[PDB]
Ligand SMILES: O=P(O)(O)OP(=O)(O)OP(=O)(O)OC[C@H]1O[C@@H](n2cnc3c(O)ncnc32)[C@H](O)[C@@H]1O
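The data below hold one chain only, encoded as structure tokens and taken in the form solved without ligand ITT.
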């Protein structure tokens, strides 16, 4: 042991379908991240359950495919008046309702607050090794959409700190409060900067 150290200098499969998502991650993790991430498209179910338990189940199924170290990502958009929903089901709700409809879903609630959540889940592919989760959250409010509508649910999410939606914000300012950047910082810190 440790788990982190067992992975230094090793390939970790990052589940994704395109090289630019790998590049984003690799840059954020920085040059002292002491493992080799390799992108591969692995066919995984999508699960219902609480965010952590979905993340864990998806990473376990990835281990059954890969049988070696693997890294998966999941992102939730959680409305506080709805008890954290749509949460992990946000894709479906964005698809059916659009940004404008995501906001409209809150018309009956005075509390417009929300948070964006990214979870990365990592496993060595075992012994006997529990999945480890790395999370990032950003608080904000659901608003009538602003900004370019191509950017998923970003038009309807205004992060605390700002008067701009994620869609309106320039990428370098979104990065500074991003839920995904925050999750990846937890992953980076887990491994430390002393091994590479």
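Residue numbers count along the first chain shown, from 1. By rigid core we mean the largest C-alpha set that fits within 1.5 Å across both forms.
This next part talks about the form deposited with ligand ITT bound, which is not shown.
For the candidate spot formed by 21, 46 and 174, every residue has a non-hydrogen atom within 4.5 angstroms of ligand ITT in the deposited bound form. With a 4.5 Å cutoff on heavy atoms, residue 153 counts as touching ligand ITT in the deposited bound form. Taking the partner from the other structure, ligand ITT in the deposited bound form has no heavy atom within 4.5 Å of any heavy atom of residue 113. Using a 4.5 angstroms threshold between heavy atoms, residue 90 counts as touching ligand ITT in the deposited bound form. Contact annotation: residue 16 falls within 4.5 Å of ligand ITT in the deposited bound form, judged by heavy atom distances. Stretch-level contact analysis of 30-38, 123-131, 136-144, 153-161 against ligand ITT in the deposited bound form, using heavy atoms and a 4.5 Å limit, identifies 153-161. Once the cores line up, the CA of residue 137 ends up less than 2 angstroms apart between the shown form and the other one.
Relative to the superposed core, residue 161 shifts its CA atom by less than 2 Å between the shown form and the other one.
Residue 24 is among the residues whose C-alpha shifts by 2 Å or more between the shown form and the other one once the rigid core is aligned.
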